[PDB]
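# Structural overview
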Amino acid sequence: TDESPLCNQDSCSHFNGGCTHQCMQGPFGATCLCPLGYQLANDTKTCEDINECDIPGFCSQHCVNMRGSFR
Ligand SMILES: *[C@@H]1O[C@H](CO)[C@@H](O)[C@H](O)[C@H]1NC(C)=O
Ligand SMILES: [Ca+2]
């Protein structure tokens, strides 16, 4: 209750605490926090595009996937 499985990453400054995307820190250290349309990878210091229409029925008909959005 004073710690987490992730601990003592730097604050969101030194190469964003190692994050390659949008980022902040709680008292435990920095993480990425991906914008709308993106997800956190395993590493929690990088973000990946969601394939928003690999999900069946997200688009009623023809779909294309693009970085951070869909058409
Ligand atoms: C990490 O990647 C695997 C696929 O290699 C995925 O199944 C898993 O959900 C990921 N970890 C987390 C915390 O979601
Ligand atoms: Ca996308």
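What this report covers is the structure whose coordinates are included nearby. (Residues numbered from 1 in each chain as written, not as in the entry; some residues may be left out. Chains lettered and ligands numbered in written order. Part of a larger assembly, values for the part shown. Heavy atoms only, no water.)

Let us now look at the state of the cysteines. Counted under the stated rule, the structure contains four disulfides. Shown here is the disulfide that connects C12 with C23, its sulfur atoms set 2.0 Å apart. With a gap of 11 residues between them, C12 in the segment before β1 (23-26) and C23 in strand β1 connect regions that are remote in the sequence. Among the residues examined, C23 registers a relative accessible area of 15% and is labelled buried. Paired through a disulfide, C53 and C63 show a sulfur-sulfur distance of 2.0 Å. Negative torsions about the S-S bond denote left-handed disulfides, and the value of about -90° found for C53 with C63 makes this one left-handed. Of the two residues, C53 is situated in the loop between β4 (47-49) and β5 (65-66) and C63 in the loop between β4 and β5; the sequence distance between them amounts to 10 residues. Residue classification places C63 among the partly exposed residues on the basis of a relative accessible area of 26%. Numbered by position along the chain, the disulfide-linked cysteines of the protein connect as 1-3, 2-4, 5-6, 7-8. Unpaired in this structure, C7 has its nearest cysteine sulfur neighbour in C23, at a distance of 16 Å. (Disulfide = S-S within 2.5 Å. Helix = DSSP H or I, 4+ residues; strand = E, 2+ residues; numbered from the N terminus. Buried < 20%, exposed > 50% of the residue type's maximum accessible area, 1.4 Å probe, protein only.)

As a further point, take the coordination of the calcium ion (ligand 2). Each angle at a metal carrying four tetrahedral donors should ideally be 109.5 degrees, and each at a metal carrying six octahedral donors should ideally be 90 or 180 degrees. Bound to the calcium ion (ligand 2) on the protein side are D49 (OD), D49 (OD), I50 (O), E52 (OE), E52 (OE), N65 (OD1), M66 (O) and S69 (O), at distances that span 2.1 to 2.7 Å. With relative accessibility at 9%, the residue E52 sits in the buried group. (Donors = N, O, S within 2.8 Å, 3.2 Å for Na, K, Ca; no water.)

Once that is clear, we can look at the environment of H21. Along the chain, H21 falls in the segment before β1. Each C-alpha atom of the pair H21 and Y38 lies 11 Å from the other, and the pair is 17 residues apart in sequence. Once residues lying within four places of it in the same chain are set aside, the contact partners of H21 are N16, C32, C34, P35 and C47. (Contact = heavy atoms within 4.5 Å.)

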